[PDB]
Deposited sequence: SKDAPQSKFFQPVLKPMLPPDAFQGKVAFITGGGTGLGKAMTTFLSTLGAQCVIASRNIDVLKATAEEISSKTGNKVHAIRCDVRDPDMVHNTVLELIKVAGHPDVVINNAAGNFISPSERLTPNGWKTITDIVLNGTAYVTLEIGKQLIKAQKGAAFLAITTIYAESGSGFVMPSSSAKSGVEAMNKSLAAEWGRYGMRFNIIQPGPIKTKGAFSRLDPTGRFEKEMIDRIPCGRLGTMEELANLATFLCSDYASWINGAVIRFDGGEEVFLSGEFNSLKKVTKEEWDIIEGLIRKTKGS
């Protein structure tokens, strides 16, 4: 493939790492749970015993993913259609979650939109679409669930999937960077504010996950792209009771990409042994 030689030292493990009943009796709510990383996280949660609820705009995709997962694990996966931009729809969706499965013990905000563009080509509407979906949508889901958990006197573990470029900034993905950085600040804020209510909040910042990646592999110390299964192991750990004292954490899941990118002299990896020998 396109992987670099050092990838032999960093082979992925794709199987769930936690014990087979680690989420028995637990309820999990995953936005964007019908596709991609959301589907992978839902799959692992369901495999480990959770009753899952997935929500996004496309009910056909959600129902297909829900049947696929539940057929494989024997545990229920419920689909609820929801555009997270619509705070009234979010409110109804949370009420439905509580009715069909119960208050959630695990909340994963993963719904996102993105497109790569020179910033000077962005329109105000394109800007507002990304910030509405990523930032406002995560806020509405988080606040609505939080209010219900406070009313019920129940706690939960929340996880938001952002990106390494939320904290650094990045050209060409500027609206996504901005909205995702807002999501990070939101979760750090609520980690500090809502401990008394039993809610903890963590962030995973992914690099590139397999799903122009030769150029990307050249900037990844581990020499390969990440996998959704590995991300799901990290996410399920953070959402599990084994991580009940992990709160306000921000975890890079990136093969070393961000430390590589950010270090001023890391490009000197291209200097050969022979060139170093020659001073």
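Chemist: What portions of the deposited sequence, indexed from 1, have no corresponding C-alpha atom in the structure?
Modeler: Since the structure holds only modelled residues, the stretches it omits are 212 to 223, 292 to 301.
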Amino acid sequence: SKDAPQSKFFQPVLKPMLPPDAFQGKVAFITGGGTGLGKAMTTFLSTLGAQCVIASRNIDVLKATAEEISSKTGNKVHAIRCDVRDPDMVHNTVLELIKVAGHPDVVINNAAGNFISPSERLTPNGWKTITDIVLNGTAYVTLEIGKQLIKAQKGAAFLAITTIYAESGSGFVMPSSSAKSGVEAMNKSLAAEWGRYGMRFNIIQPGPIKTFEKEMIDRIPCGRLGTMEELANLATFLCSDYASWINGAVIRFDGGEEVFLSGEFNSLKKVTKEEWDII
From here on, numbers count along this sequence of modelled residues.
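Chemist: Quick one: higher average CA temperature factor, 129 to 137 or 182 to 190?
Modeler: Higher mean C-alpha B-factor: 129 to 137.
Chemist: Mean Cα B factor from the PDB record: higher for 38 to 46, or higher for 62 to 70?
Modeler: Higher mean C-alpha B-factor: 62 to 70.
Chemist: Whose C-alpha has the highest temperature factor in the PDB entry: 199, 79, 174, 107?
Modeler: In this record, 79 carries the highest C-alpha B-factor of the candidates.
Chemist: At the C-alpha atoms, which of 207, 169, 146, 124 reaches the highest B-factor in this entry?
Modeler: 124 has the highest C-alpha B-factor of those listed.
Chemist: Per the entry's values, where does residue 227 land by CA temperature factor relative to the rest of its chain, in the lowest, middle or highest third?
Modeler: It falls in the bottom third of the chain.
Chemist: Tell me, lowest, middle or highest third: where does the Cα B factor of residue 252 rank within its chain?
Modeler: CA B-factor rank for residue 252: lowest third.
Chemist: Ranking every modelled residue in this chain by its Cα temperature factor as given in the entry, which third contains residue 212?
Modeler: Highest third of the chain for residue 212's C-alpha B-factor.
Chemist: Is residue 263 in the lowest, middle or highest third of its chain when residues are ranked by C-alpha B-factor?
Modeler: Lowest third - that is where residue 263 ends up once the chain's C-alpha B-factors are sorted.
Chemist: Considering every modelled residue of the chain and its Cα B-factor in the PDB entry, is residue 75 in the lowest, middle or highest third?
Modeler: Highest third, going by the recorded CA B-factors of the chain.
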